[PDB]
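Pasting data.pdb here (PDB, C-alpha atoms):
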ATOM      1  CA  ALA A   1      55.506  65.823  56.763  1.00  0.00           C
ATOM      2  CA  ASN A   2      54.255  65.635  60.410  1.00  0.00           C
ATOM      3  CA  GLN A   3      54.939  69.348  61.082  1.00  0.00           C
ATOM      4  CA  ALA A   4      52.185  70.987  63.018  1.00  0.00           C
ATOM      5  CA  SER A   5      51.346  74.714  62.679  1.00  0.00           C
ATOM      6  CA  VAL A   6      49.432  77.129  64.830  1.00  0.00           C
ATOM      7  CA  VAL A   7      45.760  77.170  63.764  1.00  0.00           C
ATOM      8  CA  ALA A   8      43.089  79.591  65.049  1.00  0.00           C
ATOM      9  CA  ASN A   9      40.913  77.812  67.572  1.00  0.00           C
ATOM     10  CA  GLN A  10      38.368  80.710  67.353  1.00  0.00           C
ATOM     11  CA  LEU A  11      38.102  83.876  65.163  1.00  0.00           C
ATOM     12  CA  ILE A  12      40.837  86.215  66.442  1.00  0.00           C
ATOM     13  CA  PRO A  13      39.777  89.927  65.927  1.00  0.00           C
ATOM     14  CA  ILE A  14      42.109  92.488  64.317  1.00  0.00           C
ATOM     15  CA  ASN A  15      44.660  93.991  66.731  1.00  0.00           C
ATOM     16  CA  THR A  16      43.900  91.665  69.520  1.00  0.00           C
ATOM     17  CA  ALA A  17      46.490  90.061  71.707  1.00  0.00           C
ATOM     18  CA  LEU A  18      46.893  86.282  71.330  1.00  0.00           C
ATOM     19  CA  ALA A  19      45.751  84.224  74.267  1.00  0.00           C
ATOM     20  CA  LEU A  20      46.436  80.450  74.706  1.00  0.00           C
ATOM     21  CA  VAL A  21      42.679  79.590  74.230  1.00  0.00           C
ATOM     22  CA  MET A  22      42.922  81.054  70.754  1.00  0.00           C
ATOM     23  CA  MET A  23      45.681  78.702  69.445  1.00  0.00           C
ATOM     24  CA  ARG A  24      45.500  74.979  68.699  1.00  0.00           C
ATOM     25  CA  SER A  25      48.072  73.061  66.589  1.00  0.00           C
ATOM     26  CA  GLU A  26      47.406  70.955  63.527  1.00  0.00           C
ATOM     27  CA  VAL A  27      49.211  69.302  60.605  1.00  0.00           C
ATOM     28  CA  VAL A  28      48.029  71.599  57.829  1.00  0.00           C
ATOM     29  CA  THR A  29      49.295  72.562  54.391  1.00  0.00           C
ATOM     30  CA  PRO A  30      50.829  75.075  53.639  1.00  0.00           C
ATOM     31  CA  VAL A  31      52.875  75.110  56.858  1.00  0.00           C
ATOM     32  CA  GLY A  32      52.620  78.299  58.946  1.00  0.00           C
ATOM     33  CA  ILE A  33      54.094  79.203  62.377  1.00  0.00           C
ATOM     34  CA  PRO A  34      55.397  76.023  64.122  1.00  0.00           C
ATOM     35  CA  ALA A  35      53.237  74.819  67.014  1.00  0.00           C
ATOM     36  CA  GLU A  36      56.120  75.060  69.500  1.00  0.00           C
ATOM     37  CA  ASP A  37      56.062  78.829  69.099  1.00  0.00           C
ATOM     38  CA  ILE A  38      52.617  79.093  70.748  1.00  0.00           C
ATOM     39  CA  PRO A  39      54.239  80.236  74.147  1.00  0.00           C
ATOM     40  CA  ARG A  40      56.166  82.985  72.308  1.00  0.00           C
ATOM     41  CA  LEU A  41      53.008  84.096  70.503  1.00  0.00           C
ATOM     42  CA  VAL A  42      51.128  84.858  73.765  1.00  0.00           C
ATOM     43  CA  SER A  43      50.431  88.600  73.991  1.00  0.00           C
ATOM     44  CA  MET A  44      51.580  89.400  70.441  1.00  0.00           C
ATOM     45  CA  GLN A  45      48.905  91.106  68.265  1.00  0.00           C
ATOM     46  CA  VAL A  46      47.485  90.058  64.938  1.00  0.00           C
ATOM     47  CA  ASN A  47      47.434  92.615  62.152  1.00  0.00           C
ATOM     48  CA  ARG A  48      44.323  91.257  60.499  1.00  0.00           C
ATOM     49  CA  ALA A  49      41.223  89.354  61.705  1.00  0.00           C
ATOM     50  CA  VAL A  50      41.983  85.606  61.595  1.00  0.00           C
ATOM     51  CA  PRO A  51      38.886  83.368  60.915  1.00  0.00           C
ATOM     52  CA  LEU A  52      38.321  80.123  62.782  1.00  0.00           C
ATOM     53  CA  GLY A  53      40.456  77.288  61.349  1.00  0.00           C
ATOM     54  CA  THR A  54      43.026  79.657  59.601  1.00  0.00           C
ATOM     55  CA  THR A  55      46.714  78.675  59.778  1.00  0.00           C
ATOM     56  CA  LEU A  56      48.621  81.497  61.569  1.00  0.00           C
ATOM     57  CA  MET A  57      51.349  82.676  59.179  1.00  0.00           C
ATOM     58  CA  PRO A  58      54.485  84.768  60.175  1.00  0.00           C
ATOM     59  CA  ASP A  59      53.248  87.855  58.343  1.00  0.00           C
ATOM     60  CA  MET A  60      49.995  87.931  60.338  1.00  0.00           C
ATOM     61  CA  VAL A  61      51.629  88.590  63.751  1.00  0.00           C
ATOM     62  CA  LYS A  62      53.047  91.974  64.518  1.00  0.00           C
ATOM     63  CA  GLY A  63      56.530  91.718  65.972  1.00  0.00           C
ATOM     64  CA  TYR A  64      56.985  88.012  65.021  1.00  0.00           C
ATOM     65  CA  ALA A  65      60.431  86.982  63.858  1.00  0.00           C
ATOM     66  CA  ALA A  66      61.358  83.295  64.244  1.00  0.00           C
TER
END
Just give me the structure of the file as structure tokens.
Amino acid sequence: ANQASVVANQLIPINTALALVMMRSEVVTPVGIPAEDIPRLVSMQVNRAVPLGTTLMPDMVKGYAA
């Protein structure tokens, strides 16, 4: 219900390291990576370009295991 996910605050280019300015949280459906994992996501790379407003999913971040 009120579970917030990590949503792209800007387009994030392929193979680019995640920076805090790139990640906002939002209550979106389907649920993706929980918003409390934003600290852990810093400096991990995406394996695909992520458009603005996309929910960050576990399979999109290289090295991500919850």
(Q) Could you check the closest approach to residue 15 of chain A for each of A:56, A:61, A:1, A:28 and tell me which residue wins, using only C-alpha atoms? (A) A:61
**Q.** Of the listed residues A:3, A:63, A:42, A:32, that which approaches residue 18 of chain A most closely, counting all atoms listed in the file
**A.**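 Residue with the minimum atom-to-atom distance to residue 18 of chain A: A:42.
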Q | Two-atom distance - atom CA of residue 43 of chain A, atom CA of residue 7 of chain A (Å) | A |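 Taking atom CA of residue 43 of chain A and atom CA of residue 7 of chain A, their separation equals 16.0 Å.
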Q: Could you tell me which of A:19, A:33, A:10, A:2 comes closest to residue 55 of chain A if we count only C-alpha atoms?
A: A:33
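Of the listed residues A:27, A:46, A:38, A:66, the one whose atoms come nearest to residue 4 of chain A is A:27, with distances taken using all atoms listed in the file.
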Any chance you could resolve the PyMOL selection byres ((chain A and resi 22) around 6) against this file and give the residues as a short mmCIF file (atom, residue, chain, number, x, y, z; two decimals) with C-alpha atoms, in the frame of the given file?
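Final output, result_37.cif:
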data_model
loop_
_atom_site.label_atom_id
_atom_site.label_comp_id
_atom_site.auth_asym_id
_atom_site.auth_seq_id
_atom_site.Cartn_x
_atom_site.Cartn_y
_atom_site.Cartn_z
CA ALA A 8 43.09 79.59 65.05
CA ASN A 9 40.91 77.81 67.57
CA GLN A 10 38.37 80.71 67.35
CA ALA A 19 45.75 84.22 74.27
CA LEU A 20 46.44 80.45 74.71
CA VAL A 21 42.68 79.59 74.23
CA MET A 23 45.68 78.70 69.44
#
Q: Identify which of the residues A:31, A:41, A:53, A:47 lies closest to residue 65 of chain A, counting all atoms listed in the file when measuring atom-to-atom distances.
A: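 Using all atoms listed in the file, the shortest distance to residue 65 of chain A belongs to A:41.
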**Q.** Target residues per the PyMOL selection byres ((chain A and resi 14) around 9), formatted as a ChimeraX atom specification
**A.** /A:12-13,15-17,45-50
Fix up segment 21-51 of chain A with N, CA and C atoms, then write it as a PDB file, keeping the file's coordinate frame.
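Contents of part_33.pdb, as written:
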ATOM      1  N   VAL A  21      43.969  80.178  74.652  1.00  0.00           N
ATOM      2  CA  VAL A  21      42.679  79.590  74.230  1.00  0.00           C
ATOM      3  C   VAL A  21      42.406  79.778  72.734  1.00  0.00           C
ATOM      4  N   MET A  22      43.068  80.779  72.153  1.00  0.00           N
ATOM      5  CA  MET A  22      42.922  81.054  70.754  1.00  0.00           C
ATOM      6  C   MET A  22      43.787  80.150  69.872  1.00  0.00           C
ATOM      7  N   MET A  23      44.780  79.386  70.356  1.00  0.00           N
ATOM      8  CA  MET A  23      45.681  78.702  69.445  1.00  0.00           C
ATOM      9  C   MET A  23      45.729  77.213  69.625  1.00  0.00           C
ATOM     10  N   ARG A  24      45.382  76.421  68.616  1.00  0.00           N
ATOM     11  CA  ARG A  24      45.500  74.979  68.699  1.00  0.00           C
ATOM     12  C   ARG A  24      46.583  74.566  67.694  1.00  0.00           C
ATOM     13  N   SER A  25      47.147  73.364  67.662  1.00  0.00           N
ATOM     14  CA  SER A  25      48.072  73.061  66.589  1.00  0.00           C
ATOM     15  C   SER A  25      47.510  71.972  65.710  1.00  0.00           C
ATOM     16  N   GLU A  26      47.935  71.944  64.444  1.00  0.00           N
ATOM     17  CA  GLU A  26      47.406  70.955  63.527  1.00  0.00           C
ATOM     18  C   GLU A  26      48.386  70.719  62.410  1.00  0.00           C
ATOM     19  N   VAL A  27      48.355  69.571  61.736  1.00  0.00           N
ATOM     20  CA  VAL A  27      49.211  69.302  60.605  1.00  0.00           C
ATOM     21  C   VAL A  27      48.362  69.754  59.436  1.00  0.00           C
ATOM     22  N   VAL A  28      48.748  70.927  58.916  1.00  0.00           N
ATOM     23  CA  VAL A  28      48.029  71.599  57.829  1.00  0.00           C
ATOM     24  C   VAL A  28      49.017  71.951  56.737  1.00  0.00           C
ATOM     25  N   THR A  29      48.484  72.240  55.554  1.00  0.00           N
ATOM     26  CA  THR A  29      49.295  72.562  54.391  1.00  0.00           C
ATOM     27  C   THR A  29      48.696  73.794  53.705  1.00  0.00           C
ATOM     28  N   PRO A  30      49.407  74.879  53.367  1.00  0.00           N
ATOM     29  CA  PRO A  30      50.829  75.075  53.639  1.00  0.00           C
ATOM     30  C   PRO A  30      51.173  75.228  55.114  1.00  0.00           C
ATOM     31  N   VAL A  31      52.422  75.010  55.477  1.00  0.00           N
ATOM     32  CA  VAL A  31      52.875  75.110  56.858  1.00  0.00           C
ATOM     33  C   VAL A  31      52.920  76.589  57.248  1.00  0.00           C
ATOM     34  N   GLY A  32      52.490  76.941  58.458  1.00  0.00           N
ATOM     35  CA  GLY A  32      52.620  78.299  58.946  1.00  0.00           C
ATOM     36  C   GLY A  32      53.553  78.277  60.154  1.00  0.00           C
ATOM     37  N   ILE A  33      53.257  79.079  61.171  1.00  0.00           N
ATOM     38  CA  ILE A  33      54.094  79.203  62.377  1.00  0.00           C
ATOM     39  C   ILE A  33      54.161  77.860  63.091  1.00  0.00           C
ATOM     40  N   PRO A  34      55.319  77.303  63.429  1.00  0.00           N
ATOM     41  CA  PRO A  34      55.397  76.023  64.122  1.00  0.00           C
ATOM     42  C   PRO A  34      54.671  76.026  65.454  1.00  0.00           C
ATOM     43  N   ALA A  35      53.975  74.936  65.769  1.00  0.00           N
ATOM     44  CA  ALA A  35      53.237  74.819  67.014  1.00  0.00           C
ATOM     45  C   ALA A  35      54.033  75.040  68.297  1.00  0.00           C
ATOM     46  N   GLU A  36      55.335  74.803  68.317  1.00  0.00           N
ATOM     47  CA  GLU A  36      56.120  75.060  69.500  1.00  0.00           C
ATOM     48  C   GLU A  36      56.284  76.547  69.773  1.00  0.00           C
ATOM     49  N   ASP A  37      55.997  77.414  68.808  1.00  0.00           N
ATOM     50  CA  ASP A  37      56.062  78.829  69.099  1.00  0.00           C
ATOM     51  C   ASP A  37      54.808  79.386  69.730  1.00  0.00           C
ATOM     52  N   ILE A  38      53.791  78.571  70.064  1.00  0.00           N
ATOM     53  CA  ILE A  38      52.617  79.093  70.748  1.00  0.00           C
ATOM     54  C   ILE A  38      52.992  79.847  72.048  1.00  0.00           C
ATOM     55  N   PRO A  39      53.843  79.426  72.990  1.00  0.00           N
ATOM     56  CA  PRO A  39      54.239  80.236  74.147  1.00  0.00           C
ATOM     57  C   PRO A  39      54.728  81.634  73.815  1.00  0.00           C
ATOM     58  N   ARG A  40      55.602  81.743  72.804  1.00  0.00           N
ATOM     59  CA  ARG A  40      56.166  82.985  72.308  1.00  0.00           C
ATOM     60  C   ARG A  40      55.081  83.862  71.729  1.00  0.00           C
ATOM     61  N   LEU A  41      54.089  83.292  71.059  1.00  0.00           N
ATOM     62  CA  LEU A  41      53.008  84.096  70.503  1.00  0.00           C
ATOM     63  C   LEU A  41      52.072  84.746  71.517  1.00  0.00           C
ATOM     64  N   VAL A  42      52.013  84.270  72.772  1.00  0.00           N
ATOM     65  CA  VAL A  42      51.128  84.858  73.765  1.00  0.00           C
ATOM     66  C   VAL A  42      51.484  86.320  73.900  1.00  0.00           C
ATOM     67  N   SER A  43      50.458  87.156  73.928  1.00  0.00           N
ATOM     68  CA  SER A  43      50.431  88.600  73.991  1.00  0.00           C
ATOM     69  C   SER A  43      50.924  89.340  72.762  1.00  0.00           C
ATOM     70  N   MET A  44      51.248  88.672  71.660  1.00  0.00           N
ATOM     71  CA  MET A  44      51.580  89.400  70.441  1.00  0.00           C
ATOM     72  C   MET A  44      50.256  89.716  69.756  1.00  0.00           C
ATOM     73  N   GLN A  45      50.135  90.762  68.964  1.00  0.00           N
ATOM     74  CA  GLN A  45      48.905  91.106  68.265  1.00  0.00           C
ATOM     75  C   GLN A  45      48.852  90.669  66.825  1.00  0.00           C
ATOM     76  N   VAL A  46      47.658  90.325  66.346  1.00  0.00           N
ATOM     77  CA  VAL A  46      47.485  90.058  64.938  1.00  0.00           C
ATOM     78  C   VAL A  46      47.222  91.373  64.213  1.00  0.00           C
ATOM     79  N   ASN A  47      47.623  91.413  62.940  1.00  0.00           N
ATOM     80  CA  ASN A  47      47.434  92.615  62.152  1.00  0.00           C
ATOM     81  C   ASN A  47      46.274  92.573  61.197  1.00  0.00           C
ATOM     82  N   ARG A  48      45.467  91.532  61.341  1.00  0.00           N
ATOM     83  CA  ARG A  48      44.323  91.257  60.499  1.00  0.00           C
ATOM     84  C   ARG A  48      43.445  90.321  61.307  1.00  0.00           C
ATOM     85  N   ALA A  49      42.128  90.320  61.080  1.00  0.00           N
ATOM     86  CA  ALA A  49      41.223  89.354  61.705  1.00  0.00           C
ATOM     87  C   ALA A  49      41.587  87.958  61.177  1.00  0.00           C
ATOM     88  N   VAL A  50      41.602  86.934  62.021  1.00  0.00           N
ATOM     89  CA  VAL A  50      41.983  85.606  61.595  1.00  0.00           C
ATOM     90  C   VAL A  50      40.753  84.739  61.797  1.00  0.00           C
ATOM     91  N   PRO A  51      40.021  84.259  60.778  1.00  0.00           N
ATOM     92  CA  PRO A  51      38.886  83.368  60.915  1.00  0.00           C
ATOM     93  C   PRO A  51      39.221  82.069  61.592  1.00  0.00           C
TER      94      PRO A  51
END
